[PDB]
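Novice: Pasting in a structure now, in structure tokens, and then I'll have a few things to ask.
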Amino acid sequence: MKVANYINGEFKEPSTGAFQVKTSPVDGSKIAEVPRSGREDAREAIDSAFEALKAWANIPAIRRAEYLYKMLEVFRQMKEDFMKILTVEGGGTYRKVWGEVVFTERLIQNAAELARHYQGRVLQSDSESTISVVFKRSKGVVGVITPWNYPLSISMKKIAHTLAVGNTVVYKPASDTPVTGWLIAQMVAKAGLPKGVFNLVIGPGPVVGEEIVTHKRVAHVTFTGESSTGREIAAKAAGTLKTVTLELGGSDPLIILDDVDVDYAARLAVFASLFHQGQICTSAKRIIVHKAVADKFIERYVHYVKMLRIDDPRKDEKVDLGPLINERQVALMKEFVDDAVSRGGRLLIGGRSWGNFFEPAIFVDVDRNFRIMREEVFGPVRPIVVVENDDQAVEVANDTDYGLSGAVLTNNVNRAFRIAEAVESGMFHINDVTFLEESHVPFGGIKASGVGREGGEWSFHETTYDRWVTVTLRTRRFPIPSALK
Amino acid sequence: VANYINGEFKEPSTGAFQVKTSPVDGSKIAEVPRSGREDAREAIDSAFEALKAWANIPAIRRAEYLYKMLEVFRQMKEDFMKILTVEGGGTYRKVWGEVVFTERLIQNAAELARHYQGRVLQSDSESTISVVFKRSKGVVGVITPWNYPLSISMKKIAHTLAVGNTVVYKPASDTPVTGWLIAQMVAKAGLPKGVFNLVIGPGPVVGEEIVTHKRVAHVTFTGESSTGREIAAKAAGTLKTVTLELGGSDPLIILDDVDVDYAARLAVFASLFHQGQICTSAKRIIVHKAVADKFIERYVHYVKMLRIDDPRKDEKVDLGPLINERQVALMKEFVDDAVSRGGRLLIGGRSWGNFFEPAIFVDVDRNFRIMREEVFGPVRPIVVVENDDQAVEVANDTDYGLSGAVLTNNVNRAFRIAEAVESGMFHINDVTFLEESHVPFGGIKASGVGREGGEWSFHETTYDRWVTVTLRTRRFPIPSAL
Ligand code: NI
């Protein structure tokens, strides 16, 4: 493996020559040397994107769609490679990476499918002889900055859709997941997109990302990452007046009412709260249970969590949980655990950590002052709070700074709709996991969870703009100068 | 003169007042609040409290409220006209226009309130219904300019209200009385307390509070590009969304196949109406060489006819004053810079008090301040060009993206130019400032972020909520043993 940037149709070394050694979060073994890019690399890619822009944006939608279809067929051949890399570099299990690769395939196809169909409007004019219509135009070069947790699918959801609608792209993957980025670039290359239409530069955020965010020729930034970093990017984007899409994380309520199949509720709870070691923006990070089922629920949930198998994700396809992405995550989780213990929480199970591995720590007897109720816990530490009624459930659910997703388990149509209605989130799910995601549906939060929506036409929307154009067919008198005649 | 907060008119908490004066004769118009952070915070908390009640009711009830606002506005028309003239310096034709348009705006918000639709989606999963709902953003700050303070304020306010948001509104300091009249209208319409709030104070204090505050979900702003940039940056802190209208230097491109006389009348109206203080004003006129001489001749000929006077004098007055002495000073700089760079002054150049005559220039180039900057005032460059590519090159060479226009009878040239000009809006054979109440009004580049009017306003102030219901039980991948 020789991992490189990809700029203007060419796999290229960083101008610096710098390299970081990317190692596996699993055993710490070396994975590959990867670029450590600077501001000049970013600048090169940006200019490549700005020169490719006109040619790319002015061909008909169908041509771009043919490119995305080509991308799809290339990706299908690269599936196993993507999976291996997602497991080795990202710590994903077989099931996590299979799921992500499938979803990625779907995403690419989706952008392809929608490319020809993104429509403007024909309007009624309040004026006499006037054609009034509204066109969709692509924004420009779009910066795309992505996280390490689902680096493939998140990256591709932004890239594929942004490309489809006539934007070009410069893409900086997460520092912990460079090889995934590189592989995306291999796909785009093998698909033969025109040079400069898609550019990959692997480098540290404060350098590469900073340039992408401040550059004059960058039209838009779409960013999935930490909420603070997103506030930074948001503020710095204001200088050049570039728009932004920001997915800043969540702390999603999973609310289980008293009429549920409690065993089923526990199975669901375990999947939604702990999948990918809980590193999912839509993870069910706060579990809220009705007191009538609370004890039986807690006992069952813990029973199933106990069942989870944590191991090297390379071993076989049945491993439930691989490691956390890095040492920093384990440390942070240890902070959350320390906080909860010191605040009087019962640690029902887990907390054991070796290397980057962390066995899920479940807590009860928690209150709203716990760090794990007040912060997004991106990792395998879960509170379970007990509530007396639907109102309290809702109160606790909305008791966060986050807005992303949420879910309620119940068979009662009124309680389901009332809670759904009252929960403040960009997304809500009745009788499913908090992390439900489809390729074409608006995905995003309110509150501290972010700004904008992605997937399908919502992504098209983030990366295009309305252009109001009229044609006046008749001659008019004008109010000045009033002396006319 | 009365901030409006939580259903009542009241003093600012500082008690600090300020004298506001007519740009026309400089006479005293009213004493108005100088509000502080606390005033804003109070308006905001009131908006926030009123929010759940206002958002949750059916849209038809809000529409009803807007129809009441409509009825009241119709009663208050001459009050609004009067104030727009005396405090704003608008001529009778311009204030009549703004009022007629504001009426259409309120009616439009009311009309559309019941109609803003989410989507029903096809799901890729078995046994799941998947839909998307619209939801109001929250309390919304509305910060407006002095040039069209009524119609701009009301486009923002009415549409934001229609769709279930609460408003905290801080009018341009140069037009506080118009703000007050709006609050008067809202109060007489009887909207629930906290739904709409007016606080009159300085931008860096009241506006800063609005833009940095926790409970404000969104800010829609119309004003200086620099101020807009600041607001966009400070917005980041709380992750609040912004709509930003930052003005333009709109190209008006005149080709050689046009009726030249007509092209000139159009050009004069588009470039100079309301003393050229209009975001979509035709600020840079671009003529094809073949018609250029006769065009210039005729344009100047009509400019000659423009009556500047006390806009109170009568209904045929073409131009009133600028808004303040600062604008005169700036216009003076633009003219002096153009002359000093060897620009040929074809006509005008005199100022008195707040009045400034149209100053028209030719033989300019791209380094002139009147080509490089938004000239919000009656100073206009006319640039002669050899061909369409050059028309477009000059049209695009500017930081601004707002609007634009081309006069021509050739369909291909019209459409080539319309596509090539980088602007958020474009008009073939009409003025650059065409505006309808239901259209996506906004620019690109330095002209701003977002669109307003109709569903586009609703859009700036709402979000999509994806909701699913899953009807089948599922098997889960972890734990695998299970
Ligand atoms: Ni939008």
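Letters A, B, ... mark the chains of the structure tokens in the order given; residue numbers begin at 1 per chain; ligand numbers begin at 1, in order shown.
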Each residue of chain A with at least one atom at most 9 Å from ligand 1 should appear once, together with its nearest atom pair and the corresponding distance in Å (one decimal); atoms considered: only C-alpha atoms and all ligand atoms; ordering: chain, then increasing residue number; output as JSON lines.

Specialist:
```
{"residue": "A:452", "atom": "CA", "partner": "ligand 1", "partner_atom_place_in_ligand_line": "1 (Ni)", "distance": 7.0}
{"residue": "A:453", "atom": "CA", "partner": "ligand 1", "partner_atom_place_in_ligand_line": "1 (Ni)", "distance": 8.5}
{"residue": "A:458", "atom": "CA", "partner": "ligand 1", "partner_atom_place_in_ligand_line": "1 (Ni)", "distance": 8.5}
{"residue": "A:461", "atom": "CA", "partner": "ligand 1", "partner_atom_place_in_ligand_line": "1 (Ni)", "distance": 6.5}
{"residue": "A:462", "atom": "CA", "partner": "ligand 1", "partner_atom_place_in_ligand_line": "1 (Ni)", "distance": 6.4}
{"residue": "A:465", "atom": "CA", "partner": "ligand 1", "partner_atom_place_in_ligand_line": "1 (Ni)", "distance": 8.6}
```

Novice: Those residues you just picked out, can you put them in a file as a PDB file, in the first residue's frame with C-alpha atoms?

Specialist:
```
ATOM      1  CA  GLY A 452     -28.817  21.579   7.742  1.00  0.00           C
ATOM      2  CA  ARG A 453     -29.825  18.181   6.376  1.00  0.00           C
ATOM      3  CA  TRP A 458     -31.599  17.550   1.059  1.00  0.00           C
ATOM      4  CA  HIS A 461     -30.256  21.491  -1.402  1.00  0.00           C
ATOM      5  CA  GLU A 462     -27.301  22.124   0.902  1.00  0.00           C
ATOM      6  CA  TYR A 465     -28.998  27.685  -4.686  1.00  0.00           C
TER       7      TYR A 465
END
```

Novice: For chain B, which residues have at least one atom within 7 Å of chain A, if we go by only C-alpha atoms? Write them as a ChimeraX atom specification, please.

Specialist: /B:93,229,232-234,236-237,239,269,302,305-306,316,318,424-430,436,440,446,464-470,476,478-480

Novice: I need the residues from that last selection saved to file as a compact mmCIF listing (two decimals), in the first residue's frame (with N, CA and C atoms), if you can.

Specialist:
```
# COMPACT_ATOMS: atom_id res chain seq x y z
N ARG B 93 -44.31 58.47 -4.61
CA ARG B 93 -44.43 57.27 -5.45
C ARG B 93 -43.70 56.07 -4.81
N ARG B 229 -21.24 40.07 7.90
CA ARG B 229 -20.14 39.15 8.16
C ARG B 229 -19.96 38.93 9.67
N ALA B 232 -22.80 36.85 11.09
CA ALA B 232 -22.64 35.46 10.68
C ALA B 232 -21.62 34.75 11.56
N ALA B 233 -20.53 35.44 11.89
CA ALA B 233 -19.49 34.86 12.73
C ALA B 233 -19.94 34.68 14.19
N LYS B 234 -20.57 35.70 14.76
CA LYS B 234 -21.03 35.66 16.14
C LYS B 234 -22.18 34.67 16.30
N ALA B 236 -22.24 31.76 15.10
CA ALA B 236 -21.66 30.43 15.23
C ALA B 236 -21.67 29.95 16.68
N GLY B 237 -21.40 30.87 17.60
CA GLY B 237 -21.27 30.53 19.00
C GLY B 237 -22.42 29.71 19.55
N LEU B 239 -24.71 28.32 17.38
CA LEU B 239 -25.18 27.49 16.26
C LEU B 239 -26.53 27.93 15.71
N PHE B 269 -34.99 54.85 -14.22
CA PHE B 269 -35.79 54.34 -13.10
C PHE B 269 -35.01 53.34 -12.24
N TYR B 302 -33.13 62.25 -19.69
CA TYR B 302 -34.17 61.99 -18.71
C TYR B 302 -33.73 62.30 -17.28
N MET B 305 -34.49 65.65 -16.17
CA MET B 305 -35.88 65.96 -15.85
C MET B 305 -36.25 65.63 -14.40
N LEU B 306 -35.33 65.02 -13.67
CA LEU B 306 -35.67 64.53 -12.35
C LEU B 306 -35.78 65.67 -11.35
N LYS B 316 -45.53 64.30 -7.19
CA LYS B 316 -44.74 64.09 -8.40
C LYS B 316 -43.22 64.21 -8.17
N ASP B 318 -39.62 63.37 -7.79
CA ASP B 318 -38.86 62.18 -8.18
C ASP B 318 -37.84 61.71 -7.15
N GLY B 424 -27.93 36.10 -7.88
CA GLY B 424 -28.97 35.28 -7.29
C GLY B 424 -30.28 35.48 -8.01
N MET B 425 -30.39 36.59 -8.74
CA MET B 425 -31.60 36.94 -9.48
C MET B 425 -31.23 37.63 -10.79
N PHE B 426 -32.07 37.49 -11.81
CA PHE B 426 -31.81 38.12 -13.09
C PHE B 426 -33.10 38.42 -13.87
N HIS B 427 -33.13 39.53 -14.59
CA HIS B 427 -34.36 39.92 -15.27
C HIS B 427 -34.09 40.33 -16.71
N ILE B 428 -34.72 39.64 -17.64
CA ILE B 428 -34.63 40.01 -19.05
C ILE B 428 -35.74 41.02 -19.42
N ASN B 429 -35.31 42.18 -19.91
CA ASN B 429 -36.20 43.28 -20.31
C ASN B 429 -37.06 43.85 -19.19
N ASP B 430 -36.48 43.94 -18.00
CA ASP B 430 -37.11 44.65 -16.89
C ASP B 430 -36.04 45.28 -16.00
N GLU B 436 -41.25 40.24 -6.18
CA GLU B 436 -42.60 39.81 -5.90
C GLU B 436 -42.60 39.20 -4.52
N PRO B 440 -38.11 33.73 -4.51
CA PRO B 440 -36.84 33.58 -3.79
C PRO B 440 -35.91 34.78 -4.01
N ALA B 446 -20.85 38.14 -2.41
CA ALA B 446 -20.94 39.03 -1.25
C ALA B 446 -22.36 39.53 -0.96
N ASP B 464 -36.87 20.63 8.76
CA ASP B 464 -37.46 19.35 8.45
C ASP B 464 -37.29 18.37 9.61
N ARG B 465 -38.34 17.63 9.93
CA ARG B 465 -38.29 16.64 10.98
C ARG B 465 -38.64 15.28 10.41
N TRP B 466 -37.64 14.41 10.28
CA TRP B 466 -37.85 13.07 9.76
C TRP B 466 -38.45 12.20 10.86
N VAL B 467 -39.60 11.60 10.58
CA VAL B 467 -40.26 10.71 11.52
C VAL B 467 -40.60 9.39 10.85
N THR B 468 -40.29 8.29 11.53
CA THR B 468 -40.70 6.99 11.04
C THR B 468 -41.51 6.25 12.08
N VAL B 469 -42.31 5.31 11.59
CA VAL B 469 -42.92 4.32 12.44
C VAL B 469 -42.56 2.98 11.80
N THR B 470 -42.05 2.07 12.62
CA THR B 470 -41.68 0.74 12.16
C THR B 470 -42.75 -0.23 12.66
N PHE B 476 -31.61 -8.29 15.73
CA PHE B 476 -30.50 -7.34 15.81
C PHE B 476 -29.13 -8.02 15.73
N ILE B 478 -26.17 -7.46 17.22
CA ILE B 478 -25.52 -7.70 18.52
C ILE B 478 -26.56 -7.93 19.61
N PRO B 479 -26.25 -8.81 20.58
CA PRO B 479 -25.08 -9.71 20.53
C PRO B 479 -25.29 -10.87 19.55
N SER B 480 -24.23 -11.23 18.83
CA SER B 480 -24.26 -12.31 17.84
C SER B 480 -24.68 -13.66 18.43
```

Novice: What lies within 8 Å of residue 155 (chain A) using only C-alpha atoms, ignoring chain neighbours under 3 positions off, as a VMD selection string?

Specialist: chain A and resid 144 to 146 151 to 152 158 to 159 173

Novice: Could you name the residues that touch residue 171 (chain B) at 9 Å or less, counting only C-alpha atoms, but leaving out those on the same chain fewer than 4 positions away, as a ChimeraX atom specification?

Specialist: /B:142-146,149,153,175-180,198-201

Novice: Selected residues, C-alpha atoms, written as a PDB file, in the first residue's frame, please.

Specialist:
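Output file result.pdb follows:
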```
ATOM      1  CA  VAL B 142     -35.224  40.333  12.604  1.00  0.00           C
ATOM      2  CA  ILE B 143     -32.760  43.144  11.914  1.00  0.00           C
ATOM      3  CA  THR B 144     -33.581  45.569   9.124  1.00  0.00           C
ATOM      4  CA  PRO B 145     -32.262  48.576   7.153  1.00  0.00           C
ATOM      5  CA  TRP B 146     -33.510  52.145   6.657  1.00  0.00           C
ATOM      6  CA  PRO B 149     -37.768  49.692   6.277  1.00  0.00           C
ATOM      7  CA  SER B 153     -39.301  44.446   7.847  1.00  0.00           C
ATOM      8  CA  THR B 175     -36.075  54.447  10.830  1.00  0.00           C
ATOM      9  CA  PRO B 176     -37.252  53.675  14.385  1.00  0.00           C
ATOM     10  CA  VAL B 177     -40.690  55.251  13.994  1.00  0.00           C
ATOM     11  CA  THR B 178     -41.577  52.882  11.157  1.00  0.00           C
ATOM     12  CA  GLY B 179     -40.649  50.025  13.504  1.00  0.00           C
ATOM     13  CA  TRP B 180     -42.982  51.478  16.128  1.00  0.00           C
ATOM     14  CA  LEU B 198     -40.066  45.512  19.086  1.00  0.00           C
ATOM     15  CA  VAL B 199     -36.936  46.886  20.706  1.00  0.00           C
ATOM     16  CA  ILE B 200     -35.430  50.123  19.461  1.00  0.00           C
ATOM     17  CA  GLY B 201     -31.772  50.558  20.287  1.00  0.00           C
TER      18      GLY B 201
END
```

Novice: Using only C-alpha atoms, which protein or nucleic acid residues come within 12 Å of residue 352 (chain A)? Drop anything in the same chain fewer than 2 positions from it, and give the result as an MDAnalysis selection string.

Specialist: chainID A and resid 310 323 330:331 333:334 337 347 349:350 354:362 380:381

Novice: Taking C-alpha atoms for each residue, export the selection above as a compact mmCIF listing (two decimals), in the first residue's frame.

Specialist:
```txt
# COMPACT_ATOMS: atom_id res chain seq x y z
CA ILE A 310 -15.61 -7.79 22.64
CA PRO A 323 -11.92 -1.29 20.17
CA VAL A 330 -10.68 5.40 26.45
CA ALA A 331 -9.42 8.22 28.67
CA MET A 333 -14.76 7.27 28.83
CA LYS A 334 -12.77 6.80 32.05
CA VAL A 337 -17.16 6.68 34.51
CA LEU A 347 -22.05 0.66 37.86
CA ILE A 349 -21.47 -3.78 34.53
CA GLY A 350 -18.44 -2.86 32.40
CA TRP A 354 -7.37 -2.66 27.92
CA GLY A 355 -5.57 -0.77 25.20
CA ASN A 356 -8.27 0.88 23.09
CA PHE A 357 -10.84 -1.70 24.10
CA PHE A 358 -13.59 -0.69 26.49
CA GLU A 359 -16.27 -3.00 27.87
CA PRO A 360 -19.57 -1.06 27.97
CA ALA A 361 -20.18 0.58 31.33
CA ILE A 362 -23.87 0.76 32.28
CA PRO A 380 -19.68 2.66 25.41
CA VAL A 381 -20.89 4.34 28.62
```

Novice: Work out how far apart CA of residue 114 (chain A) and CA of residue 456 (chain A) are and give it in Å to one decimal.

Specialist: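 Separation of CA of residue 114 (chain A) and CA of residue 456 (chain A): 7.0 Å.
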